[PDB]
Amino acid sequence: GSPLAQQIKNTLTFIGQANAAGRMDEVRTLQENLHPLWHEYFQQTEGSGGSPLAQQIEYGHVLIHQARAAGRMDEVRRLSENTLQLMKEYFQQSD
Amino acid sequence: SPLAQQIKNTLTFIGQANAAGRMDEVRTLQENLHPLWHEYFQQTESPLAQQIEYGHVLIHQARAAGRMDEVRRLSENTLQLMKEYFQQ
Ligand SMILES: C[C@H](C(=O)O)c1ccccc1
Ligand SMILES: [Cl-]
Ligand SMILES: [Cl-]
Ligand SMILES: [Cl-]
Ligand SMILES: [Mg+2]
Ligand SMILES: [Mg+2]
Ligand SMILES: [Zn+2]
Ligand SMILES: [Zn+2]
Ligand SMILES: [Zn+2]
Ligand SMILES: [Zn+2]
């Protein structure tokens, strides 16, 4: 995988441990640490022609920002879990 | 507000990187500044603040679409608005 892929993969389990446990400030810290690095990757790898899987992950991210802004923590947690599970699998397709 | 202060610090870091031509760092710092703005806004939320919040929303949507022309345009605009917000 590209070096940015290896970098992203390293943080994914920890985001899900935090989210599952309802450590929502930790989930947000870890996501925000990831934000520039997922976007750099997504631009280089997916661009304006993302696969439906990659695009669903990135739409999840957009919708996480919107939920968090609205304080809708139920949606922050649900979207974070679903988006994480898809990202983990996206980064395994070469497996 | 230490969030305000981090933002101010990051704005300066951006101007230092841009003076050196460290453009990957500029773009990275601009992206660090997105969640940090939202945290600030969600802690203090002015019309200008609201325009900055929308600028980040729109940058994100443009990036998700691959409209890097719009990412570039909106980022430039939003950066200036933040500088102005913290210059009052
Ligand atoms: C996970 C969530 C949903 O299940 O509603 C979702 C919908 C559309 C795009 C991304 C995520
Ligand atoms: Cl984030
Ligand atoms: Cl956003
Ligand atoms: Cl963004
Ligand atoms: Mg590791
Ligand atoms: Mg798997
Ligand atoms: Zn984000
Ligand atoms: Zn995104
Ligand atoms: Zn945002
Ligand atoms: Zn961003």
Side-chain angles (χ1 to χ4, degrees), chain A residues 4-5 7-8 11-12 15 19 24-25 27-84 86-87 90-91, chain B residues 3 6-7 10-11 14 23-45 47-85:
Chain A
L4 297 176
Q7 292 175 33
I8 296 160
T11 197
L12 303 185
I15 298 170
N19 197 55
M24 299 317 295
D25 200 62
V27 165
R28 179 182 188 158
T29 295
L30 288 173
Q31 290 179 329
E32 291 177 345
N33 175 82
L34 179 58
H35 182 108
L37 163 66
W38 168 247
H39 279 169
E40 189 182 3
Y41 173 86
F42 183 86
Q43 293 169 215
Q44 199 161 283
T45 312
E46 300 292 342
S48 69
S51 61
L53 178 58
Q55 199 66 49
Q56 186 146 336
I57 291 159
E58 173 52 25
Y59 290 157
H61 184 216
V62 167
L63 295 170
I64 290 161
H65 276 234
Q66 295 276 316
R68 164 165 297 132
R72 298 178 67 238
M73 295 309 299
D74 48 355
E75 283 294 292
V76 174
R77 261 186 297 282
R78 185 181 74 75
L79 289 164
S80 292
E81 175 176 321
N82 293 353
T83 299
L84 186 61
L86 294 186
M87 186 179 289
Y90 168 80
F91 285 112
Chain B
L3 293 159
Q6 206 180 337
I7 290 169
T10 297
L11 292 169
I14 289 165
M23 305 299 321
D24 277 7
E25 188 186 349
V26 165
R27 292 189 278 274
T28 298
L29 286 164
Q30 284 176 353
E31 276 281 74
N32 292 153
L33 189 49
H34 173 185
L36 175 62
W37 171 260
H38 286 324
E39 193 184 353
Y40 172 78
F41 186 65
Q42 288 163 29
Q43 209 90 93
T44 63
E45 173 236 328
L48 181 54
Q50 180 58 263
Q51 194 172 358
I52 293 161
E53 180 73 354
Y54 289 151
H56 290 286
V57 170
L58 298 171
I59 294 160
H60 199 171
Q61 296 169 7
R63 200 187 312 271
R67 283 297 297 280
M68 292 307 299
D69 59 328
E70 287 294 286
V71 170
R72 284 297 162 255
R73 184 180 67 85
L74 294 166
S75 290
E76 302 205 333
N77 288 354
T78 300
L79 180 66
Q80 290 311 128
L81 292 176
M82 281 181 301
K83 290 177 175 177
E84 293 161 337
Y85 181 83

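What's counted below: heavy atoms across the whole structure, side chains too, no hydrogens, waters or symmetry copies. Here is how names work: the chains are called A, B, and so on, in the same order as the sequence lines, proteins then strands, and each is numbered from 1.
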Notebook entry, point to check: Between A:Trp38 and A:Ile57, is a side chain to side chain contact (heavy atoms under 4.5 Å, CB included) present by the stated rule, with each step listed?
Noted result: CA-CA 10 Å; A:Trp38 168 247; A:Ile57 291 159; 3.5 Å; yes
[X] to [Y] - nearest heavy-atom pair and separation:
X       : Y       : value
A:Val27 : A:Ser80 : CG1-OG, 4.3 Å
A:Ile64 : A:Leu79 : CG1-CB, 3.6 Å
A:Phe91 : A:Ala5  : CE2-CB, 3.7 Å
B:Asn32 : A:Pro36 : ND2-CG, 3.5 Å
A:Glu81 : A:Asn19 : N-ND2, 3.5 Å

[atom1]/[X] to [atom2]/[Y] distance, rounded to the nearest 0.5 angstrom?
X       : Y       : atom1 : atom2 : answer
B:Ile7  : B:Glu39 : CD1   : CD    : 8.5 Å
A:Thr45 : A:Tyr90 : OG1   : OH    : 5.0 Å
A:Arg78 : A:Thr83 : CZ    : OG1   : 8.5 Å
B:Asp24 : B:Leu29 : CG    : CG    : 11.0 Å
B:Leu36 : B:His56 : CG    : NE2   : 9.0 Å
B:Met82 : B:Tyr40 : CE    : OH    : 12.0 Å

Item checked: Audit row: B:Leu33, B:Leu11, side chain to side chain contact (heavy atoms under 4.5 Å, CB included) steps and yes/no -> CA-CA 8 Å; B:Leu33 189 49; B:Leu11 292 169; 3.8 Å; yes
Note to self: Suppose we screen for side-chain hydrogen bond (donor to acceptor under 3.5 Å, both in side chains). Which residues come up paired with B:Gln42, at least two apart in sequence or across chains?
What the structure shows: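 Once residues adjacent in sequence are excluded, the partners of B:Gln42 under the side-chain hydrogen bond (donor to acceptor under 3.5 Å, both in side chains) criterion are A:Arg28.
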Item checked: Residues which pass side-chain hydrogen bond (donor to acceptor under 3.5 Å, both in side chains) with A:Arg77, listed by chain and number, not counting sequence neighbours -> none
Next item on the list: Applying side chain to side chain contact (heavy atoms under 4.5 Å, CB included), run through A:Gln7 and A:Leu4 and close with a yes or a no.
Entry: CA-CA 5 Å; A:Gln7 292 175 33; A:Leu4 297 176; 4.0 Å; yes
Next item on the list: Report yes or no: does A:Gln55 contribute a side-chain atom to a donor-acceptor pair with the main-chain N or O of A:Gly49 at less than 3.5 Å?
Entry: no
Item checked: Sequence neighbours excluded - salt bridge (charged side-chain N to carboxylate O under 4.0 Å, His left out) pairs with any residue from residues 42-69 of chain A ->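 Of all non-adjacent pairs touching residues 42-69 of chain A, none passes salt bridge (charged side-chain N to carboxylate O under 4.0 Å, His left out).
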Next item on the list: Would you sort out whether A:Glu75 and A:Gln66 count as a side chain to side chain contact (heavy atoms under 4.5 Å, CB included), showing the intermediate values?
Entry: CA-CA 9 Å; A:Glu75 283 294 292; A:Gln66 295 276 316; over 6 Å; no
Note to self: Could you check whether any side-chain heavy atom of A:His65 comes within less than 4.5 Å of a side-chain heavy atom of A:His35, counting everything from C-beta outward?
What the structure shows: yes
Checklist line | Residue pair B:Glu25 / B:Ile14, side-chain heavy-atom distance below 4.5 Å | finding: no
